[PDB]
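J.: Just dropping this structure here.
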Amino acid sequence: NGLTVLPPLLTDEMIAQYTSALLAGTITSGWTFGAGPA
Amino acid sequence: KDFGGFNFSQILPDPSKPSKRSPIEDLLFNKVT
Amino acid sequence: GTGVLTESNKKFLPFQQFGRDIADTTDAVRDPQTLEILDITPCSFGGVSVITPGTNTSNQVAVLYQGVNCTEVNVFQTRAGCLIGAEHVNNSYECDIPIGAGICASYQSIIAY
Amino acid sequence: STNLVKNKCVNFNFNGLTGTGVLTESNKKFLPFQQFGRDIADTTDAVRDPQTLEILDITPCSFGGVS
Amino acid sequence: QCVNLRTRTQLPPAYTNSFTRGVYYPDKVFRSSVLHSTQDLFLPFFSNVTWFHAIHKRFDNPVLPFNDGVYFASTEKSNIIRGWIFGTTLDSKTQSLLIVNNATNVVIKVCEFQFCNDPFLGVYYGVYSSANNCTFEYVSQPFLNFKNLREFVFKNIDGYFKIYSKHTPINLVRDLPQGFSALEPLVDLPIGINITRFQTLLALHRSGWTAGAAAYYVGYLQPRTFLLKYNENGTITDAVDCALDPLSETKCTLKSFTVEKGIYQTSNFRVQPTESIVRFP
Amino acid sequence: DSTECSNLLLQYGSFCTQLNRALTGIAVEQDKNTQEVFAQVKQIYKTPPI
Amino acid sequence: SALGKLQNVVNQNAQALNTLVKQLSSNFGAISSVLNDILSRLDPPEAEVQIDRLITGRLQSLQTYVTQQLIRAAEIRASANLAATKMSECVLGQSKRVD
Amino acid sequence: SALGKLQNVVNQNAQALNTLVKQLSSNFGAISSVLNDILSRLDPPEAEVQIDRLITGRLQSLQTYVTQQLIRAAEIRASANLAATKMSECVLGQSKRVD
Ligand SMILES: *[C@@H]1O[C@H](CO)[C@@H](O[C@@H]2O[C@H](CO)[C@@H](O)[C@H](O)[C@H]2NC(C)=O)[C@H](O)[C@H]1NC(C)=O
Ligand SMILES: *[C@@H]1O[C@H](CO)[C@@H](O[C@@H]2O[C@H](CO)[C@@H](O)[C@H](O)[C@H]2NC(C)=O)[C@H](O)[C@H]1NC(C)=O
Ligand SMILES: *[C@@H]1O[C@H](CO)[C@@H](O)[C@H](O)[C@H]1NC(C)=O
Ligand SMILES: *[C@@H]1O[C@H](CO)[C@@H](O)[C@H](O)[C@H]1NC(C)=O
Ligand SMILES: *[C@@H]1O[C@H](CO)[C@@H](O)[C@H](O)[C@H]1NC(C)=O
Ligand SMILES: *[C@@H]1O[C@H](CO)[C@@H](O)[C@H](O)[C@H]1NC(C)=O
Ligand SMILES: *[C@@H]1O[C@H](CO)[C@@H](O)[C@H](O)[C@H]1NC(C)=O
C-alpha cells in the first residue's frame, strides 16, 4: 500500500567487520589506535 | 603578543576590522549565506 | 483489485474463498470456475532516484528503481533495487554517493561498486 | 476609478484584485504585457497602474507584536 | 477568385529537432530572480518538428490538424508568409478565423468564409470567394540566407485564442538556430469557436508564378510542466522540461538549475495494469 | 490508483512532499547514526594468526 | 529479556506500520472505506465529499504516524549519540567516569 | 562543504517557512484560496462553509509547522547542550575523554 523498506547502507557483515577492526585495535594496540597510529 | 613563538593572529580579534572579529570568524561569517 | 496472479501452495478449506494476510489485505484468491488458489502479489512499485555528480563536472546520470527487480522495467541488480546507467566494477573504493546494501556509486562514466 | 494615493496603508483594488497595502514607487522595469508581480512565495508584491502606465510596489501594512 | 497550382514537385515533408524552442510566458505576472514551475501546454525539448520548404518547384501549403496547440517557426526573408487560417471544416457551414498581414495593415476576421482549395496571396514584379456571417473584426499593428526567425504559439483554451510571438535576428542558412528565446504573449483573442484544423498562407511572385525562398516548421503542444528561470530583469532566459530526462527531472524536483553530487529521490514507478480480468461462477 | 482521489488530494498542497521529506530525513539519519557509532576507525585492523 | 531494548524498538516500528496500514480499513464517517465502491456507487457530487472524508482521515493518520516516527527518530538519535560516546570513551580509551 | 551543519539548519528553517507561506495558496477543497474572493462572490451561508474549509486546512498546516519546529528546536537544544559541554570541558579545561 505504498510502504517500502529501504535497506541499510551498512550491511551486517560490514558492521561485523567494523567491530572486528575495533576489537583487533583494542586488543593488539590498546588505546593507541584511537588517538593516532596503532 | 609574546607567547614563546606561538602565533594566535588567526584566532584573535583584528583591530583593523570594524566587527572586531578574528580572520577565521570573519571567514565563517562570509561563508554562510 | 490490482495485482499479479501466481500459483499458490495454500490449502484453502472448501468454504474459504479469498485469503487475507496479517494486515487484512487479500493475498490469495480462489478462482470460482476452476477451484485453484492464486497468490495476489501487489504490483511492482518503487521510488525512482537519480544518482548524479555535480553539474559542473558532468551531466551523466543513473537511475535507481528501489525494491524493483531488473526484469520488470548498463543494467545491474542490487538488493536496494535495479540500477540503470551505471557499470558495475569488481574493485572496491570509498563511498562517494550512497546507493544502499553496501553498494555505492562514483564518477570517474558513473561506476557502482 | 478614484484618485491614487501613495505611502499610506490603503485598500487597493487593481483590475478586480483587492487587498490592503502601502503603495510605493517601484524600481522594477516591467515588460509591456506583464501586469502583476510575485515574490518567491507566490504573493503579489508589485502591480501596474491601469490609468497611468507606472509600476507600484505593495509593501504589506505594518504589523508586529506588542509587548 | 481561386487558382489551382499544378506545377508542384512531389517531395515528402522533412523532420528536424526542436532543440529548446517553443517556450512562452505562461501568464502576465512579472517575476524577478525566481524559478517557477508551470503545468501548461508546452512543446517538448528536442522533439520531432515537421519541416516544410518554399523553394524553386516546392510550394508547401498542406492543411494540418490543430491538436491542443500549435508551435509555428518561420525562417523567413522578404516576408513571404502573410497569415493563417483556422477552423473545423473551412467552408461556410462552420465559422472560421482568418489572420492576414498585407502590405499595409494587419487584419483579423472571424467569418464564414468560402475558402479556396489552394488559397494564397500574390505580388507582381485570392483567399476566399465569400464571407457571409462576420461576427468579429480586429485591426492591429504589423506583426512581421534566412535573416528573420518568427516564432508563434497558438492556443485555443476556454474559448480564448492566445497568440504568442517572438522575432529573432538570425543568420543561419538552412535549419533552426540552437538557442533560447521566450515568446511574449501578443494577442489574446475572444472568439469562442471550435478550431481543429489550420492552414498557412503564402505569397506568390509573378514575373507563371515563382515561390520565394522560405521555410517553416510545425510542432504540436502537449500538457507538461516546465521549470522557468526568471532573471533580475524579469526576462525568461532558461527552461527545464521535467519529463525529458532524469537530470532535468531532478532539476525540476529540487527547483534548481544546478544539482549537487549525490542521490535524489525524484519519482515513483508503478507498473500499470496491462489487462482487466473478470472471473465469475 | 484513483485519478479522482489524486485530483482532490492536489487541492491540499504540499503535505505529501513534507511527509516524504521527513521520512527521507529519518532514513538518512539512521545511516548517519550507524556511521557515527561504528565507523570511527579508517584502518581495518586484523588479529595475528597466533 | 536480555535484549529487550532492541525488541522494543522493532516492535514499536512494526506496530506503527501495522496501525498505519490498518487505518485504511476505517471509513472516517464515509459510507465505505473502499475508494472503488464509492466511485462505482455514487455520483461525483457526493463521491467527491466521500473521497474528501477518506482523504482527510488518511492524511490525519499519516501525519500522526510521521509525528511519532520523528519523535522516535529523535530518541534513537539520542541513543546513537550516547552509543557513539560510549564507543569513543570506553572502547577506544579508558574512562574515569563512574558508571 | 566545510560549514554544512549550519547550512542545513538555515536551509531547513527557510524551507519550512517557505512551505508554510505556500500552504496559503491551497484552497483545501474550497472554490478559492482567497478569503476576499469568497466574501465578494458568495452569500454568508455558503461563505461560512468555504472559510471553515480554509481555516481547517490552514490550521492543520500551521500545527504541522509548529510540530516540526518543536522537533527541530529539541534537536538544536540537544546540540547546544553538547556545545556547552564542549565549551566547558575542552576550552575551559583539559579533557581526558577520548574523541
Ligand atoms: C603571526 O602570523 C601572522 C599571519 O600568519 C603574521 O603576519 C604576516 O606577516 C608577514 C611578515 O611579517 C606578512 O608578509 C604577512 O602578510 C602577514 N600576514 C597577515 C595575515 O597579516 C605575523 O607576522 C606572525 N607573527 C607575529 C609575531 O604576529
Ligand atoms: C482547385 O482544385 C480543387 C480540388 O479539385 C477544386 O475543389 C473542388 O471543387 C468542386 C467544385 O465544383 C467540388 O465539387 C469538389 O468537391 C472540390 N474538391 C475538393 C477536394 O474539395 C477547386 O474548385 C479547384 N479550383 C478551381 C478554381 O476550380
Ligand atoms: C521524425 O519522424 C519521422 C517520421 O514521422 C522519422 O522518420 C524521423 O526519424 C523522426 N525523427 C526523430 C529524430 O525521431
Ligand atoms: C470540434 O470539431 C470537431 C470536428 O470538427 C468535433 O469532433 C468536436 O466535437 C467539436 N467540438 C465542439 C466542442 O464542438
Ligand atoms: C489590406 O487589407 C485591408 C482589409 O482587407 C484593406 O483595407 C487594405 O486596403 C489592404 N491593403 C492594400 C494595399 O490593398
Ligand atoms: C449565416 O449565413 C446564412 C447565409 O448567408 C444565413 O442564412 C444564416 O441565417 C446566417 N446565420 C446567422 C446566425 O446569421
Ligand atoms: C538587466 O538589465 C540591465 C540594465 O537595466 C543590464 O545591465 C543587465 O545586463 C540585464 N541583465 C541581463 C541578465 O540581461
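Protein chains in written order, with the authors' numbering: chain A, 856 to 893; chain B, 795 to 827; chain C, 548 to 620, 641 to 675, 691 to 695; chain D, 530 to 596; chain E, 14 to 69, 77 to 145, 158 to 176, 185 to 247, 257 to 330; chain F, 745 to 794; chain G, 943 to 1041; chain H, 943 to 1041. Beta carbons: idealized from backbone N, C-alpha and C, even for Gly.
If you draw a straight line from the alpha carbon of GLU309/E to that of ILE666/C, how long is it in whole angstroms?
T.: Each residue's alpha carbon lies about 16 Å from the other.
J.: Grab the span of the alpha helix (DSSP H) containing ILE818/B for me, first residue to last.
T.: That run of the alpha helix (DSSP H) goes 817-825.
J.: Bridge partners of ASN317/E, per DSSP?
T.: DSSP lists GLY594/C as partners of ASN317/E.
J.: For a cutoff of 8 Å on Cβ pairs, would you count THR1027/H as touching chain F?
T.: For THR1027/H, the answer is no, since every Cβ of chain F falls outside 8 Å of its Cβ.
J.: Would the beta-carbon of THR961/H be found less than 7 Å away from any heavy atom of ligand 4?
T.: Outside the cutoff, so no.
J.: Count the CB pairs spanning the stretch 601-609 of chain C and the stretch 650-663 of chain C that are closer than 8 Å, and state whether there are at least three.
T.: Touching, yes.
J.: Quick check on DSSP: helix, strand or coil for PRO986/H?
T.: Three-state DSSP puts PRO986/H in a helix.
J.: Step through the CB atoms of chain A and report whether any lies within less than 8 Å of the CB of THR747/F.
T.: False, the Cβ-Cβ gap to chain A never drops below 8 Å.
J.: Note the first and the last residue of the continuous alpha helix (DSSP H) segment covering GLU298/E.
T.: Its alpha helix (DSSP H) spans residues 295-303.
J.: Which residues bound the beta strand (DSSP E) around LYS129/E?
T.: Here the beta strand (DSSP E) through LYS129/E covers 126-131.
J.: So which residues touch the region around ligand 2, with touch meaning a C-beta under 5 Å from any heavy atom?
T.: Selection output, chain order preserved: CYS15/E, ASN17/E and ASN137/E.
J.: Taking 8 Å as the CB-CB limit, is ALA570/C close to chain G?
T.: Yes, its Cβ sits closer than 8 Å to a Cβ of chain G.
J.: Using CA atoms only, rank isn't needed, just tell me which of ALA1015/G, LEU984/G, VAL1008/G and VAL976/G is closest to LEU996/G.
T.: Nearest C-alpha to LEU996/G: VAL976/G.
J.: Is it the case that the CB of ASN165/E approaches a heavy atom of ligand 6 more closely than 7 Å?
T.: Under cutoff, so the answer is yes.
J.: Does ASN955/H have its Cβ less than 8 Å from a Cβ in chain F?
T.: Not closer than 8 Å to any Cβ of chain F, the Cβ of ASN955/H fails to qualify, so no.
J.: Here's a check: name, in chain order, each residue in its chain whose Cβ is nearer than 6 Å to the Cβ of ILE197/E, leaving out the five neighbours to either side.
T.: Contacts found: none.
J.: Inspect the beta-carbon positions of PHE186/E and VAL213/E and report whether they are closer than 8 Å.
T.: For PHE186/E and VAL213/E, yes; Cβs fall inside 8 Å.
J.: Could you compute how far the alpha carbon of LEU176/E sits from the alpha carbon of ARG246/E?
T.: Spanning the two alpha carbons is a distance of roughly 22 Å.
J.: Rounded to whole angstroms, how far is the Cβ of residue 184/E from the Cβ of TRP64/E, which I believe are closer than 8 Å?
T.: Not modelled: residue 184/E, which lies between 176 and 185, the two residues flanking a gap in chain E.
J.: Hey, which residues come within less than 7 Å of ligand 7, measuring from Cβ to any heavy atom, in chain order?
T.: Any residue whose Cβ sits closer than 7 Å to a heavy atom of ligand 7 makes the list: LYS558/D, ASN280/E, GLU281/E, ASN282/E, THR284/E and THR286/E.
J.: Please output, in chain order, the residues near ligand 3 using a CB cut-off of less than 7 Å to any non-hydrogen atom of the ligand.
T.: Working through the chain, the matches are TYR28/E, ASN30/E and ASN61/E.
J.: Are the CB atoms of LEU216/E and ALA93/E nearer to each other than 8 Å?
T.: Yes, Cβ-Cβ distance for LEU216/E and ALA93/E is below 8 Å.
J.: For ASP53/E, write down the residues that DSSP places opposite it in a beta bridge.
T.: Answer by DSSP bridge pairing, in chain order: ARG273/E.
J.: Starting from the C-beta of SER1037/G, find all residues in its chain whose C-beta is less than 8 Å away, skip the five residues before and the five after it, and write them out in chain order.
T.: Cβ neighbours of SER1037/G beyond the five flanking positions: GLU1031.
J.: Looking at the structure shown, is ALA1022/G part of a helix, part of a strand, or coil, going by DSSP?
T.: Helix at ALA1022/G.
J.: Does any residue of chain H have a CB that is nearer than 8 Å to the CB of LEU822/B?
T.: Closer than 8 Å: yes.
J.: Using CA coordinates, which residue listed in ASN950/G, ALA944/G, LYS947/G and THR961/G is at the minimum distance from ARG1000/G?
T.: For the residues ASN950/G, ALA944/G, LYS947/G and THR961/G, the minimum Cα distance to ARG1000/G belongs to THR961/G.
J.: Return yes when the Cβ of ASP578/D is within less than 8 Å of the Cβ of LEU533/D, no when it is not.
T.: Yes, the pair counts as a contact, with Cβ atoms nearer than the cut-off.
J.: Where DSSP assigns a beta bridge to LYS278/E, which residues make up the other side?
T.: In the DSSP output, where bridge partners are listed per residue, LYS278/E has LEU48/E and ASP287/E.
J.: Using 8 Å as the Cβ pair cut-off and three pairs as the minimum, do the stretch 284-291 of chain E and the stretch 109-116 of chain E touch?
T.: Touching, no.
J.: Given this structure, state the Cα-to-Cα distance separating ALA871/A from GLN787/F, to the nearest angstrom.
T.: Computed Cα separation, rounded: 14 Å.
J.: Determine the closest residue to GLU132/E out of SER50/E, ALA222/E, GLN321/E and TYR160/E, with distance taken between C-alpha atoms.
T.: It is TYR160/E.
J.: Quick one: is the Cβ of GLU619/C within less than 7 Å of any heavy atom of ligand 6?
T.: No, Cβ of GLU619/C sits at least 7 Å from all heavy atoms of ligand 6.
J.: I'd like to confirm the pairing. Which residues does DSSP put opposite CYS617/C in its beta bridges?
T.: Partner(s): none; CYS617/C has no beta bridge.
J.: Under the assumption that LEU276/E contacts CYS301/E (Cβ atoms under 8 Å), give the Cβ distance between them as a whole number of angstroms.
T.: Contact flag correct, Cβ pair sits at about 5 Å.
J.: Note down, in chain order, every chain G residue with its Cβ under 9 Å from the Cβ of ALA1020/H.
T.: Under the 9 Å cutoff, chain G gives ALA1016, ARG1019, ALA1020 and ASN1023.
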